[PDB]
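Have a look below at one chain only, the form deposited in one PDB entry, in structure tokens format.
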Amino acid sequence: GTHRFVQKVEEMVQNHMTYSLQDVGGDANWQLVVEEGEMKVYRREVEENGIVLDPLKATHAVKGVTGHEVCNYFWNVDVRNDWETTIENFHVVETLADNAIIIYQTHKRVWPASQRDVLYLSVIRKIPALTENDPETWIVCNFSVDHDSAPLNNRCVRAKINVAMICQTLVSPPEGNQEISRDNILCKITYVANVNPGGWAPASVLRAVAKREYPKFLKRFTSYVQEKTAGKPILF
């Protein structure tokens, strides 16, 4: 890349690829808090200074869409308001490359506390597969950065995030005279979110909100990708 965040991007993508994909099923520091269909949501309970930082990991498997498609929809700001429900306002502060932008946004008061905002680089990348036996990996990383055109606000508490949507497409081609269809593909999703609320809120409540809001998002977002791609040629 050309832009000034290229090194930080790679580090984030590499850290997600080595640590965020790690298996969490039989990890005793992780608790399965939500299950529904192919969807599972785990959390690790962590606090620093009485502030709840609980890392969150969700895994999902969505029939009929590719990882490329799910990442595309996740990243594309032009469709954000079609699925995202926790945001008051947002805008793009800077475009760094074709695949990388910085975004400022304010969240609805889902917490018993002052309104939060967040300012983050949002980048979409493909990680090539080592062999053709393996899926390519598409990832969108959303992580907090600073920018001059969005200094600390005086009304909102500035949250800090490290988030990734990581997707791999499994294909199961049919045996006969038929071409691959969407009935023959399945997107495996790992979604990780590490959010620093930027100040105190009662923990019991933050965990309630996380338990409620992440699975809601993943269902509506994934369903929306299924809707928008249905009947359309497959983008691997």
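Residues that one form lacks are left out of the comparison. For the two forms, the rigid core is made up of the largest set of C-alpha atoms that agree within 1.5 Å on superposition. The first residue of the sequence shown is number 1, and the count goes up from there.
In every other compared PDB entry of this protein that covers both flanking sides, residue 29 is modelled, so it falls short of the one-third threshold for missing coordinates. Per the compared records, residue 178 is unresolved in at least a third of the other entries whose models span it. Averaged over their C-alpha atoms, the temperature factors of 55-63 and 195-203 are higher for 195-203. Remark: stretch with higher mean C-alpha B factor among 173-181 and 206-214 is 173-181. Within the listed group 72, 162, 89, 122, the record reports its top CA B-factor for 89.
Split the chain's modelled residues into thirds by C-alpha temperature factor. Residue 28 is in the highest one.
Sort the chain's modelled residues by C-alpha temperature factor and residue 22 lands in the highest third, per the entry. Among the modelled residues of the chain, residue 219 sits in the middle third by CA temperature factor in this PDB entry. Looking at the C-alpha B-factors along this chain, the one for residue 149 belongs to the highest third. Compared with the other modelled residues of the chain, the Cα B-factor recorded for residue 111 ranks in the highest third.
The same protein also exists as the form deposited in another entry; that form is not shown, yet it is the one meant from here on.
The residue among 73, 104, 143, 111 whose Cα moves by 2 angstroms or more between this form and the one not shown, once the core is superposed, is 111. Here residue 91 does not count as shifted, since its C-alpha moves by less than 2 Å between this form and the one not shown after the core is aligned. Annotation for the pair residue 151/residue 81: C-alpha atoms approach each other in the other form, by 3 Å or more compared with this form. Moving regions between this form and the one not shown, defined as 3+ consecutive residues each with a CA shift of at least 2 Å after core superposition, lie at 110-112, 132-134, 151-155.
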